[PDB]
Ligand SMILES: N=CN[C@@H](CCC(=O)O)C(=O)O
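This document opens with one chain alone, in structure tokens, the form deposited without N-(iminomethyl)-L-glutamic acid.
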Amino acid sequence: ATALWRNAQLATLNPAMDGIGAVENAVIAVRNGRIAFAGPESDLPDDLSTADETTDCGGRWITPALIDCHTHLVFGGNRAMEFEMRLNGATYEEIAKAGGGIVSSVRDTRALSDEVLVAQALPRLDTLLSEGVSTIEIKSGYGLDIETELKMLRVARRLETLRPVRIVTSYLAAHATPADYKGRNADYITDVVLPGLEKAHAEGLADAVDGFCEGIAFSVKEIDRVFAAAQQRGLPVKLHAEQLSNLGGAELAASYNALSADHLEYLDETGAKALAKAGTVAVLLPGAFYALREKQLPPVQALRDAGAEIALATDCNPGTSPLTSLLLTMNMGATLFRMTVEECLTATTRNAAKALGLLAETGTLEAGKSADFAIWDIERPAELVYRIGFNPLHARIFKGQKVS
């Protein structure tokens, strides 16, 4: 099965090229869901000069399909109630008494069946897919008990069977301490987090292990205990770090050659250099920054100077970032974090694939990788970062197949 997509402008994001690796008057040759060639039509090899199908792209821009490397897409209910209460002047106490807080998401997720959870996640998933997203990372963390943490992962795996999308999962039991384990973080890790990890891995439901290293959650030493366990099983790790303060969560992840460190509002120069050295991707999440009215900006320039790679994600979750648009995420990255257009595009493609350890499989338009790309009805790549609340997607191709 072969197919050609010619007469196009390519944003290959090939790291061997400058900028976004733009190629004019180009073509993409596909064979069995894989890219056989991506470059000038004049350089198209002879054995690939023909195919079963040929699509005239009319000179439109083609980029790698987008990747959302950080989301909590699976969960029950929503947190609109406390949103409204907060705006009405309610205190944290009044909200808590009304049932607000992360406990609301935990309760709502524990109460639903896999079937219902899939039903509630599909609308969120489809919104991302409609914007050219082909790969999405989904975390657990709203169960805080083995039974529910695992259910969340099964739901994620299930979603992948209902839509043309690539889904990778992260075990995040080390998200918060349940009421029944208050003041006993160690016991929670011993009784819930670790045995949960072994079970998830045995079930093949977890692609990575995540954690929340913060003053209000788990300490560096506590997360270290979780990473050690994951490392022994061959599972890559990642971490929510320096979101609300500088604890050293970033340096910890870097010491474990973590796939990424996420949020990083309070990351320092030392931590940035550590991430770059370890090759750990810095995942910035503008949605949470925006929704939480945060004032401390992540150290973009320090990350740039250290040579660290920056990725951007929606951090889609009901409590701090009920965001379902990766296009908007890039606009926020530029507007709020002052990232350049080149950085924003690379952040949701090449670096996003890297943050998920899938760069060899997808993320760029290079021969040998999966044929996952998005055709855009734009005149300039910048349009994807410039517009606010618009979708110029023309077509989405997943594994060589035009899906929508």
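A residue's number is simply how far along the shown sequence it sits, counting from 1.
Separately, the form deposited with N-(iminomethyl)-L-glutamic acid bound exists; it is not shown, and the next lines address it.
Stretch-level contact check against N-(iminomethyl)-L-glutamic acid in the bound PDB entry with heavy atoms at 4.5 Å: of 323-331, 297-305, 114-122, 208-216, the positive one is 208-216. The single contact residue among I102, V220, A186, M81, judged by any heavy atom lying within 4.5 Å of N-(iminomethyl)-L-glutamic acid in the bound PDB entry, is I102. Proximity to N-(iminomethyl)-L-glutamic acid in the bound PDB entry, defined as a heavy atom within 4.5 Å, singles out one entry of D315, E137, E149, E242, which is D315.
At a distance threshold of 4.5 angstroms between non-hydrogen atoms, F289 is out of contact with N-(iminomethyl)-L-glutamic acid in the bound PDB entry. In the bound PDB entry, at least one heavy atom of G319 sits within 4.5 Å of N-(iminomethyl)-L-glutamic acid.
Along 165-199, one residue reaches a heavy atom to within 4.5 Å of N-(iminomethyl)-L-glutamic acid in the bound PDB entry: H175.
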